[PDB]
Amino acid sequence: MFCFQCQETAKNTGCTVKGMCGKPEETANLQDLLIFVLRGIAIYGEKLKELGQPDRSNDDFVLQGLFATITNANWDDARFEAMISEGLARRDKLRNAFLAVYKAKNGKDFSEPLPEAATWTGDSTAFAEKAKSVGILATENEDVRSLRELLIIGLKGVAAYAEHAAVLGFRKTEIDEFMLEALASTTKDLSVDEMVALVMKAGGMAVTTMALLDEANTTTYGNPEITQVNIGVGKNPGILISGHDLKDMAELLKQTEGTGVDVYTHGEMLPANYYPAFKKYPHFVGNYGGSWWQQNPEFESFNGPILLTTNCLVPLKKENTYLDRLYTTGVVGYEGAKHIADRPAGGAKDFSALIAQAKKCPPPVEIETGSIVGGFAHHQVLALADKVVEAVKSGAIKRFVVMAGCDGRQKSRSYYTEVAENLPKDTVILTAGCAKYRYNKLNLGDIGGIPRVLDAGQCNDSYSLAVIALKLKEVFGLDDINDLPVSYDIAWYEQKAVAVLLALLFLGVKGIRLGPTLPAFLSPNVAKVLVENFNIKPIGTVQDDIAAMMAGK
Ligand code: SF4
C-alpha cells in the first residue's frame with residue numbers, strides 16, 4: 001500500500017505495509033480505488049459543465065466518498081466496495097449523457113483518448129487487484145505527485161466541512177463544481193504554475209466552505225457563547241457522541257429527552273456544549289475524556305453506547321470490549337459496529353437502539369472532575385471587542401498565540417503543552433480543533449476576566465479565529481494582517497487541518513509554525529516554494545519558539 005496523508009505517516013515518508021493509524025493494505029487500496037472512480041466521475045462532470053449542461057446529481061456522493069477516505073473515518077471494506085460499485089454506475093450515467101451532448105454539439109462521436117479512471121470497470125471481484133495500480137505511486141514525478149496529493153488532501157478536508165453544511169441544508173454550487181475541477185485536474189498533465197494555482201484555489205474554497213459551515217451551524221443552533229462545561233459524570237447511564245456533526249447531536253438530544261439516559265460529548269463534539277440550542281437540555285451533562293487518540297480506554301470506561309458521527313474512530317485493541325455498543329453514522333464505518341442509516345430528506349436519524357441499550361448499561365466511570373470553559377467563537381469575541389481591545393492597549397494582553405489545529409498521539413506533541421505552560425502570563429491562547437486537548441485542562445487563569453485559553457470550537461471554527469483577526473486588523477488600522485500582535489503555532493493531524501492551513505495561506509497569513517512535523521506529501525521543491533512564498537516554519541525548541549513568537553517572528 002501507499003498512504004502519506006496524515007501527520008503520523010510512517011517515518012514521515014509514507015505507510016507502505018499497514019498504516020500507523022491501523023489501516024490495513026486492503027482498506028488503503030480500496031480507498032485509492034474509490035478516489036480513482038471519483039476522478040472518472042469528475043472527468044465527465046467537468047465536461048458536461050463546459051458543454052453548458054452541468055449535472056449536479058452526484059454532489060453528495062462525491063463529498064461523502066472523499067470524506068470516507070479521511071484518516072480514521074471509515075474502516076469497513078464492504079462500505080468502500082459499495083461506494084466503488086455505485087460510483088462506477090454514477091460515472092457511466094455521466095459518460096452516456098456526455099457522449100450524446102458531445103455528438104449533438106460537434107456533429108461527430110467523441111473520440112479523444114481518456115484517462116483510465118473514466119473507462120475502467122469491473123465487478124467487486126476485480127477491485128482488490130485493480131486497486132494496487134491506481135494509487136499514489138502511479139504518479140512518477142515527485143513534484144507532480146506532491147502537488148496532486150496536496151490538492152486532494154486539502155480537497156477532502158473541504159469536502160468534510162461541505163458535507164456538514166449540506167446536512168444542515170447549506171450548499172454553494174462553486175464548492176461542488178470545484179470538487180470535480182480539482183479531481184479531474186489530477187488526471188491531466190499541467191504546468192507547475194497551474195498545479196499551484198489549483199492548490200491556492202482550494203485554499204479560497206476552504207475559506208468559502210468554512211464560512212458556509214460557520215453560517216450553517218450558527219444559523220441552526222445559535223452563536224456559541226461562554227460556557228462552563230462539566231468534565232465529571234452524572235449518575236445515569238449515558239450515550240457518548242463523538243466526531244463533529246451537530247445535526248446528529250440535535251437529534252440525539254431530542255430523542256433522549258425524558259428517557260433517563262444522559263448525553264455526553266467527546267473529542268470534537270465538545271463545542272456542542274457552547275451552542276444555545278443544546279444548552280437547554282438538563283440531561284446534557286458535559287464532556288467526557290480527552291483527545292481522540294485516548295479513546296480506547298475512555299470509550300471503555302464510559303460504559304454506555306458511543307456514537308461516532310465522523311472521524312476520528314480508532315481501531316479497537318484486542319482487549320477492548322465495547323464493540324457491541326459502538327455505533328457509526330454518516331460516512332463512518334467499522335466492521336462489526338452497528339451503523340445508523342442516513343436520515344430521510346426532512347426527517348431524522350433513528351437513535352432508538354442506542355437509547356434502549358444505554359438503559360442496560362452502568363453509568364460512566366468518573367475519570368476526572370472540574371470544568372472546561374469555552375464558546376469564544378466570532379460573535380462572542382466580537383461582543384467583547386471593547387474589552388479585548390482595551391486589554392491590548394493597556395498591555396494586559398501583549399500577544400495572542402493561535403494554537404488551533406488537530407492533535408495526535410506522538411510524544412513530540414508535548415511541545416504544545418510546554419509552549420502553553422511557558423508562555424508569558426500576559427499572552428492569550430486562541431484555539432479550535434482537538435489540538436486544544438494539549439492545554440485546555442491547565443490552570444492558566446485569566447487576564448482581567450478574559451481567559452488565557454479562548455476556545456472557539458471545532459477545527460472548522462478556526463474560521464472564527466480568522467474573522468477575529470480580520471476585525472482586529474480593521475480596528476487597529478493595519479495594512480497587513482500579519483502586523484497584529486498574533487503568532488501562529490498550529491498543530492496538524494489529518495486533512496481538515498490541511499484545509500484550514502490552505503485557508504490561512506489564502507488569507508495571507510505568513511510565518512505560520514506547523515507541527516509537530518511537516519507533511520510527507522510536500523516534496524523538496526514544493527516545500528521550498530511554500531517557504532519562499534509563505535514563510536511556513538517547522539517547530540523548534542519550546543524556549544526558542546516562545547522567544548521568537550514574542551518578538552513577532
Ligand atoms: S492515514 Fe496516516 S497513518 Fe493511516 S495509512 Fe495514511 S498516512 Fe499512514
# chains A, B, ... in the order shown; residues from 1 in each chain; ligands from 1

$ closest_atom_pairs --of "segment 394-452 of chain A" --to "segment 288-295 of chain A" --cutoff "9 Å" --atoms "only C-alpha atoms" --output "tab-separated table"
residue	atom	partner	partner_atom	distance
A:407	CA	A:291	CA	7.1
A:408	CA	A:293	CA	6.4
A:409	CA	A:293	CA	6.0
A:434	CA	A:291	CA	6.3
A:435	CA	A:291	CA	8.1
A:436	CA	A:291	CA	8.5
A:437	CA	A:291	CA	5.7
A:438	CA	A:291	CA	8.3

$ write_last_selection --atoms "C-alpha atoms" --output "mmCIF file, in the first residue's frame"
data_model
loop_
_atom_site.group_PDB
_atom_site.id
_atom_site.type_symbol
_atom_site.label_atom_id
_atom_site.label_comp_id
_atom_site.auth_asym_id
_atom_site.auth_seq_id
_atom_site.Cartn_x
_atom_site.Cartn_y
_atom_site.Cartn_z
ATOM 1 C CA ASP A 407 -3.934 16.680 17.929
ATOM 2 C CA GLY A 408 -2.269 13.268 17.597
ATOM 3 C CA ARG A 409 -0.522 10.575 19.651
ATOM 4 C CA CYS A 434 -8.714 18.863 19.025
ATOM 5 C CA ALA A 435 -5.237 20.442 19.305
ATOM 6 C CA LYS A 436 -6.873 22.184 22.308
ATOM 7 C CA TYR A 437 -6.603 18.980 24.402
ATOM 8 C CA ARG A 438 -2.873 19.564 24.873
#

$ residues_near_ligand --ligand "ligand 1" --cutoff "8 Å" --atoms "only C-alpha atoms and all ligand atoms" --output "PDB file with N, CA, C and O atoms, in the first residue's frame"
ATOM      1  N   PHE A   2       0.244   2.409  -0.181  1.00  0.00           N
ATOM      2  CA  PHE A   2       0.976   3.651  -0.022  1.00  0.00           C
ATOM      3  C   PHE A   2       0.003   4.752   0.390  1.00  0.00           C
ATOM      4  O   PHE A   2      -0.908   5.075  -0.359  1.00  0.00           O
ATOM      5  N   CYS A   3       0.254   5.305   1.572  1.00  0.00           N
ATOM      6  CA  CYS A   3      -0.582   6.418   2.052  1.00  0.00           C
ATOM      7  C   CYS A   3       0.303   7.347   2.867  1.00  0.00           C
ATOM      8  O   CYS A   3       1.064   6.848   3.701  1.00  0.00           O
ATOM      9  N   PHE A   4       0.190   8.656   2.674  1.00  0.00           N
ATOM     10  CA  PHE A   4       1.000   9.601   3.442  1.00  0.00           C
ATOM     11  C   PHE A   4       0.220  10.854   3.820  1.00  0.00           C
ATOM     12  O   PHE A   4       0.844  11.891   4.057  1.00  0.00           O
ATOM     13  N   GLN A   5      -1.120  10.739   3.893  1.00  0.00           N
ATOM     14  CA  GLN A   5      -1.931  11.936   4.098  1.00  0.00           C
ATOM     15  C   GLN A   5      -2.032  12.495   5.508  1.00  0.00           C
ATOM     16  O   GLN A   5      -2.562  13.610   5.607  1.00  0.00           O
ATOM     17  N   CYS A   6      -1.601  11.771   6.534  1.00  0.00           N
ATOM     18  CA  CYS A   6      -1.689  12.338   7.887  1.00  0.00           C
ATOM     19  C   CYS A   6      -0.314  12.516   8.495  1.00  0.00           C
ATOM     20  O   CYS A   6       0.715  12.018   8.027  1.00  0.00           O
ATOM     21  N   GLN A   7      -0.278  13.275   9.585  1.00  0.00           N
ATOM     22  CA  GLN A   7       0.968  13.631  10.267  1.00  0.00           C
ATOM     23  C   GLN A   7       1.717  12.430  10.810  1.00  0.00           C
ATOM     24  O   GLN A   7       2.953  12.475  10.880  1.00  0.00           O
ATOM     25  N   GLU A   8       1.024  11.341  11.138  1.00  0.00           N
ATOM     26  CA  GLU A   8       1.665  10.158  11.699  1.00  0.00           C
ATOM     27  C   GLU A   8       2.171   9.155  10.679  1.00  0.00           C
ATOM     28  O   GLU A   8       2.557   8.048  11.056  1.00  0.00           O
ATOM     29  N   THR A   9       2.216   9.529   9.394  1.00  0.00           N
ATOM     30  CA  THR A   9       2.688   8.579   8.373  1.00  0.00           C
ATOM     31  C   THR A   9       4.055   8.013   8.745  1.00  0.00           C
ATOM     32  O   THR A   9       4.864   8.712   9.341  1.00  0.00           O
ATOM     33  N   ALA A  10       4.255   6.743   8.409  1.00  0.00           N
ATOM     34  CA  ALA A  10       5.485   6.044   8.779  1.00  0.00           C
ATOM     35  C   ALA A  10       6.751   6.758   8.364  1.00  0.00           C
ATOM     36  O   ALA A  10       6.917   7.147   7.210  1.00  0.00           O
ATOM     37  N   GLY A  14       5.816   7.745   4.461  1.00  0.00           N
ATOM     38  CA  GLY A  14       4.645   7.058   3.918  1.00  0.00           C
ATOM     39  C   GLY A  14       4.463   5.667   4.511  1.00  0.00           C
ATOM     40  O   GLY A  14       5.433   4.950   4.760  1.00  0.00           O
ATOM     41  N   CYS A  15       3.210   5.291   4.723  1.00  0.00           N
ATOM     42  CA  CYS A  15       2.856   3.967   5.221  1.00  0.00           C
ATOM     43  C   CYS A  15       2.755   3.016   4.036  1.00  0.00           C
ATOM     44  O   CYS A  15       2.033   3.303   3.078  1.00  0.00           O
ATOM     45  N   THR A  16       3.524   1.918   4.071  1.00  0.00           N
ATOM     46  CA  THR A  16       3.584   1.005   2.942  1.00  0.00           C
ATOM     47  C   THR A  16       3.161  -0.429   3.195  1.00  0.00           C
ATOM     48  O   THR A  16       3.023  -1.173   2.211  1.00  0.00           O
ATOM     49  N   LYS A  18       1.176  -1.436   6.573  1.00  0.00           N
ATOM     50  CA  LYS A  18      -0.040  -1.253   7.369  1.00  0.00           C
ATOM     51  C   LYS A  18       0.029   0.177   7.899  1.00  0.00           C
ATOM     52  O   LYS A  18       1.109   0.609   8.318  1.00  0.00           O
ATOM     53  N   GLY A  19      -1.069   0.937   7.851  1.00  0.00           N
ATOM     54  CA  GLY A  19      -0.960   2.310   8.341  1.00  0.00           C
ATOM     55  C   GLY A  19      -0.614   2.379   9.816  1.00  0.00           C
ATOM     56  O   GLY A  19      -1.000   1.526  10.631  1.00  0.00           O
ATOM     57  N   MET A  20       0.005   3.498  10.202  1.00  0.00           N
ATOM     58  CA  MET A  20       0.295   3.752  11.615  1.00  0.00           C
ATOM     59  C   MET A  20      -1.015   3.980  12.369  1.00  0.00           C
ATOM     60  O   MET A  20      -1.093   3.737  13.575  1.00  0.00           O
ATOM     61  N   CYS A  21      -2.069   4.373  11.647  1.00  0.00           N
ATOM     62  CA  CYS A  21      -3.397   4.546  12.216  1.00  0.00           C
ATOM     63  C   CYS A  21      -4.105   3.205  12.387  1.00  0.00           C
ATOM     64  O   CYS A  21      -5.154   3.152  13.041  1.00  0.00           O
ATOM     65  N   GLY A  22      -3.579   2.149  11.764  1.00  0.00           N
ATOM     66  CA  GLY A  22      -4.170   0.833  11.763  1.00  0.00           C
ATOM     67  C   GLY A  22      -4.726   0.367  10.428  1.00  0.00           C
ATOM     68  O   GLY A  22      -5.187  -0.764  10.302  1.00  0.00           O
ATOM     69  N   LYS A  23      -4.775   1.258   9.437  1.00  0.00           N
ATOM     70  CA  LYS A  23      -5.406   0.954   8.147  1.00  0.00           C
ATOM     71  C   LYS A  23      -4.673  -0.139   7.405  1.00  0.00           C
ATOM     72  O   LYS A  23      -3.523   0.033   7.003  1.00  0.00           O
ATOM     73  N   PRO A  24      -5.335  -1.272   7.186  1.00  0.00           N
ATOM     74  CA  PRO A  24      -4.697  -2.396   6.512  1.00  0.00           C
ATOM     75  C   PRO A  24      -4.592  -2.144   5.020  1.00  0.00           C
ATOM     76  O   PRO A  24      -5.306  -1.328   4.446  1.00  0.00           O
ATOM     77  N   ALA A  28      -6.659   0.419   2.595  1.00  0.00           N
ATOM     78  CA  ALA A  28      -5.953   1.553   1.963  1.00  0.00           C
ATOM     79  C   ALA A  28      -6.117   1.496   0.452  1.00  0.00           C
ATOM     80  O   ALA A  28      -6.398   2.522  -0.198  1.00  0.00           O
ATOM     81  N   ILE A  70     -10.878  10.011   4.602  1.00  0.00           N
ATOM     82  CA  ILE A  70     -10.145  10.788   5.588  1.00  0.00           C
ATOM     83  C   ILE A  70      -9.621   9.887   6.698  1.00  0.00           C
ATOM     84  O   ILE A  70     -10.219   8.858   7.045  1.00  0.00           O
ATOM     85  N   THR A  71      -8.477  10.263   7.261  1.00  0.00           N
ATOM     86  CA  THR A  71      -7.884   9.486   8.350  1.00  0.00           C
ATOM     87  C   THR A  71      -8.886   9.202   9.469  1.00  0.00           C
ATOM     88  O   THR A  71      -9.558  10.090   9.983  1.00  0.00           O
ATOM     89  N   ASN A  72      -8.964   7.930   9.849  1.00  0.00           N
ATOM     90  CA  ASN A  72      -9.814   7.441  10.926  1.00  0.00           C
ATOM     91  C   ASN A  72     -11.299   7.609  10.668  1.00  0.00           C
ATOM     92  O   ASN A  72     -12.080   7.650  11.642  1.00  0.00           O
ATOM     93  N   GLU A 494      -4.839  15.516  10.372  1.00  0.00           N
ATOM     94  CA  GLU A 494      -5.381  14.987   9.118  1.00  0.00           C
ATOM     95  C   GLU A 494      -5.751  16.067   8.116  1.00  0.00           C
ATOM     96  O   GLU A 494      -5.205  17.167   8.137  1.00  0.00           O
TER      97      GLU A 494
END

$ select_by_dssp --residues "segment 73-196 of chain A" --states "helix (DSSP H, G or I)" --output "PyMOL selection string"
chain A and resi 77-106+116-118+124-131+136-138+142-167+173-185+192-196

$ select_by_dssp --residues "segment 97-339 of chain A" --states "strand (DSSP E)" --output "number ranges by chain"
A: 227-230, 238-242, 262-265, 284-287, 306-308, 326-329, 338-339

$ closest_residue --among "A:502, A:392, A:464, A:475" --to "residue 204 of chain A" --atoms "only C-alpha atoms"
A:502

$ closest_residue --among "A:95, A:378, A:317, A:156" --to "residue 495 of chain A" --atoms "only C-alpha atoms"
A:156

$ residues_around --residues "residue 97 of chain A" --least-positions-apart "4" --cutoff "12 Å" --atoms "only C-alpha atoms" --output "NGL selection string"
:A and (41 or 44-45 or 47-49 or 51 or 53-55 or 90-93 or 101-104 or 110)

$ write_last_selection --atoms "N, CA, C and O atoms" --output "mmCIF file, in the first residue's frame"
data_model
loop_
_atom_site.group_PDB
_atom_site.id
_atom_site.type_symbol
_atom_site.label_atom_id
_atom_site.label_comp_id
_atom_site.auth_asym_id
_atom_site.auth_seq_id
_atom_site.Cartn_x
_atom_site.Cartn_y
_atom_site.Cartn_z
ATOM 1 N N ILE A 41 -15.739 10.158 -12.446
ATOM 2 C CA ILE A 41 -16.952 10.969 -12.368
ATOM 3 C C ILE A 41 -16.615 12.423 -12.688
ATOM 4 O O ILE A 41 -17.322 13.109 -13.430
ATOM 5 N N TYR A 44 -16.094 13.433 -16.559
ATOM 6 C CA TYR A 44 -17.332 13.671 -17.309
ATOM 7 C C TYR A 44 -18.150 14.821 -16.749
ATOM 8 O O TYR A 44 -18.782 15.593 -17.471
ATOM 9 N N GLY A 45 -18.151 14.969 -15.421
ATOM 10 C CA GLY A 45 -18.921 16.045 -14.796
ATOM 11 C C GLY A 45 -18.378 17.405 -15.211
ATOM 12 O O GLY A 45 -19.152 18.341 -15.428
ATOM 13 N N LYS A 47 -16.665 18.004 -18.023
ATOM 14 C CA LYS A 47 -17.003 18.178 -19.443
ATOM 15 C C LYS A 47 -18.459 18.574 -19.636
ATOM 16 O O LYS A 47 -18.739 19.406 -20.512
ATOM 17 N N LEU A 48 -19.393 18.003 -18.874
ATOM 18 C CA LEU A 48 -20.800 18.393 -19.012
ATOM 19 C C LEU A 48 -20.981 19.849 -18.636
ATOM 20 O O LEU A 48 -21.722 20.587 -19.308
ATOM 21 N N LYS A 49 -20.330 20.330 -17.582
ATOM 22 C CA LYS A 49 -20.421 21.742 -17.210
ATOM 23 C C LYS A 49 -19.876 22.634 -18.317
ATOM 24 O O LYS A 49 -20.507 23.636 -18.705
ATOM 25 N N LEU A 51 -19.812 22.007 -21.496
ATOM 26 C CA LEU A 51 -20.732 21.978 -22.633
ATOM 27 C C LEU A 51 -22.037 22.716 -22.359
ATOM 28 O O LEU A 51 -22.944 22.709 -23.202
ATOM 29 N N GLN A 53 -24.282 21.969 -19.896
ATOM 30 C CA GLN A 53 -25.312 21.080 -19.370
ATOM 31 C C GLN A 53 -24.801 20.391 -18.101
ATOM 32 O O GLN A 53 -24.637 19.176 -18.087
ATOM 33 N N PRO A 54 -24.513 21.169 -17.072
ATOM 34 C CA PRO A 54 -23.981 20.625 -15.831
ATOM 35 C C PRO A 54 -24.955 19.666 -15.173
ATOM 36 O O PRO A 54 -26.174 19.814 -15.238
ATOM 37 N N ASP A 55 -24.373 18.669 -14.505
ATOM 38 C CA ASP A 55 -25.154 17.659 -13.800
ATOM 39 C C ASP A 55 -24.603 17.662 -12.369
ATOM 40 O O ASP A 55 -23.409 17.397 -12.205
ATOM 41 N N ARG A 90 -22.661 5.626 -11.378
ATOM 42 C CA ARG A 90 -22.855 7.063 -11.498
ATOM 43 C C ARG A 90 -21.975 7.625 -12.618
ATOM 44 O O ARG A 90 -22.456 8.433 -13.407
ATOM 45 N N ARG A 91 -20.724 7.162 -12.692
ATOM 46 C CA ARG A 91 -19.821 7.612 -13.741
ATOM 47 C C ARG A 91 -20.360 7.251 -15.122
ATOM 48 O O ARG A 91 -20.300 8.094 -16.021
ATOM 49 N N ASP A 92 -20.821 6.011 -15.271
ATOM 50 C CA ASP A 92 -21.313 5.585 -16.593
ATOM 51 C C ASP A 92 -22.534 6.382 -17.007
ATOM 52 O O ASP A 92 -22.660 6.680 -18.202
ATOM 53 N N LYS A 93 -23.404 6.791 -16.081
ATOM 54 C CA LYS A 93 -24.547 7.632 -16.413
ATOM 55 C C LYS A 93 -24.055 8.974 -16.958
ATOM 56 O O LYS A 93 -24.569 9.487 -17.955
ATOM 57 N N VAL A 101 -24.422 14.646 -25.675
ATOM 58 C CA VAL A 101 -24.292 16.090 -25.777
ATOM 59 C C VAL A 101 -23.100 16.435 -26.664
ATOM 60 O O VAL A 101 -23.219 17.332 -27.500
ATOM 61 N N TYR A 102 -21.985 15.725 -26.500
ATOM 62 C CA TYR A 102 -20.811 15.985 -27.332
ATOM 63 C C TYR A 102 -21.165 15.783 -28.809
ATOM 64 O O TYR A 102 -20.796 16.604 -29.656
ATOM 65 N N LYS A 103 -21.844 14.681 -29.113
ATOM 66 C CA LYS A 103 -22.215 14.404 -30.505
ATOM 67 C C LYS A 103 -23.139 15.480 -31.047
ATOM 68 O O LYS A 103 -22.986 15.908 -32.205
ATOM 69 N N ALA A 104 -24.092 15.962 -30.246
ATOM 70 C CA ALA A 104 -25.004 16.993 -30.725
ATOM 71 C C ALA A 104 -24.280 18.304 -30.983
ATOM 72 O O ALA A 104 -24.603 19.001 -31.954
ATOM 73 N N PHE A 110 -17.626 11.364 -29.898
ATOM 74 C CA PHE A 110 -16.434 11.690 -29.106
ATOM 75 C C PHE A 110 -15.374 10.620 -29.389
ATOM 76 O O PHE A 110 -15.681 9.421 -29.376
#
